[PDB]
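Understanding the architecture of this molecule
Here's the letter readout for the chains.
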Amino acid sequence: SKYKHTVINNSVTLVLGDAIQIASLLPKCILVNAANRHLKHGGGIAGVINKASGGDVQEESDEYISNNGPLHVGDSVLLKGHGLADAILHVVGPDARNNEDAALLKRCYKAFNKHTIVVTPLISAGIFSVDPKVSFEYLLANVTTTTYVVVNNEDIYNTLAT
Ligand SMILES: NC(=O)c1ccc[n+]([C@@H]2O[C@H](COP(=O)([O-])OP(=O)(O)OC[C@H]3O[C@@H](n4cnc5c(N)ncnc54)[C@H](O)[C@@H]3O)[C@@H](O)[C@H]2O)c1
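Residues numbered from 1 in each chain as written, not as in the entry; some residues may be left out. Heavy atoms only, no water.

Going by the annotation in the PDB entry, the name recorded for the protein chain is Replicase polyprotein 1ab, with Bat coronavirus HKU4 given as the source organism.

Set out below in C-alpha cells:
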C-alpha cells in the first residue's frame, strides 16, 4: 500500500494515484505515455510526463518524429526514461473523436508484453474519448506482463475495481 489499489489478476493491479509517482516508486519499470501520432505532448498525461522531464521528452520525441515521420494509430515507440522510469513507451491509442476504432487498443496493449514491469494510464480514456471500462477491458484481454494500471479519478477507480 501507500496508495489505494486492487489486484485484478496475476498480472494487473489497478491503482488510484499518479502514474509518474507510481513509476518513481518502482526500482525497475517502463512508464507508458498515452501519445498522439506526432508525439506532440501538449496535454493529458503526455503533458505531465513532458513537464516532469522539463521538456526533455518533447525534445527527444521531435527528433524521433523529425527523422522517422508520424506513427500509425496503435503503434508504439520505446524512448528514453529521462529519470521518470527506465524507459517511456509512447503508445498511440485510437481517438474516438477522429472515428478511430477502440479495437486498435489491442495493438497498444500487446506492446506491453515484452516488458517485465509496466506502469500505464488507461490509453484513449481521456480526450481520445474511449469509455474507461472499454479501455480497461482491452487491457485485461491483451496484457500478460506485470502491469500497474494507474487512474487518478476515484470514481473511475471505483467503477473498474468492482
Ligand atoms: N496537437 C496536439 O498536441 C494533439 C493533437 C491531437 C491529440 N493530442 C494528444 O492526445 C493525447 C491522448 O489522449 P488519451 O485519452 O489517450 O490520453 P489521456 O491523457 O488524456 O487520458 C488517459 C487517462 O489517464 C488519466 N490520467 C491523466 N493524468 C494521469 C496521471 N498523472 N496518472 C494517471 N492517469 C492519468 C486521464 O484522466 C485519462 O483517464 C493527449 O494527451 C494529447 O497529447 C494532441
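Next comes the rest of the write-up.
We now examine the nonpolar core. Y109 and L122 are the most contacted members of the largest nonpolar core, which has 25 residues in total. Taken together, the elements giving at least two residues each to this core come down to β2 (12–16), β3 (30–35), β5 (87–92), α4 (105–110), α5 (132–142), β7 (146–151) and α6 (154–161). Once you skip the residues sitting within four places of it in the chain, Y109 turns out to touch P121, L122, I123, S135, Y138, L139, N142 and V143. Of all hydrophobic cores here, the second largest spans 14 residues; its members include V15, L84, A85 and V119. (Core = buried A, V, L, I, M, F, W, Y, C linked by side-chain atoms within 4.5 Å. Buried < 20%, exposed > 50% of the residue type's maximum accessible area, 1.4 Å probe, protein only. Helix = DSSP H or I, 4+ residues; strand = E, 2+ residues; numbered from the N terminus. Contact = heavy atoms within 4.5 Å.)

Time to look at the site of the ligand. As a structural note, the neighbourhood of the ligand is formed by 19 residues, with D18, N36, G43, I45 and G126 the closest of them. Residue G126 places a main-chain N or O atom 2.8 Å away from an oxygen atom belonging to the ligand. Within the backbone of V150, one N or O atom sits 3.3 Å away from a nitrogen atom of the ligand. Notes on the ligand: free accessible area 840 Å², of which the protein chains cover 77%. Ranked by the residues each element gives to the shell around the ligand, the list is headed by helix α2 (residues 44–52), at three residues. A breakdown of the residues in the shell around the ligand according to their chemical character gives ten nonpolar, seven polar and two charged. (Near = heavy atom within 4 Å. Polar contact = N/O pair within 3.5 Å; in protein donor to acceptor, adjacent residues only side chain to side chain. Areas by Shrake-Rupley, 256 points an atom, 1.4 Å probe, with all protein chains shown as cover. Nonpolar A, V, L, I, M, F, W, Y, C, P; charged D, E, K, R; others polar.)

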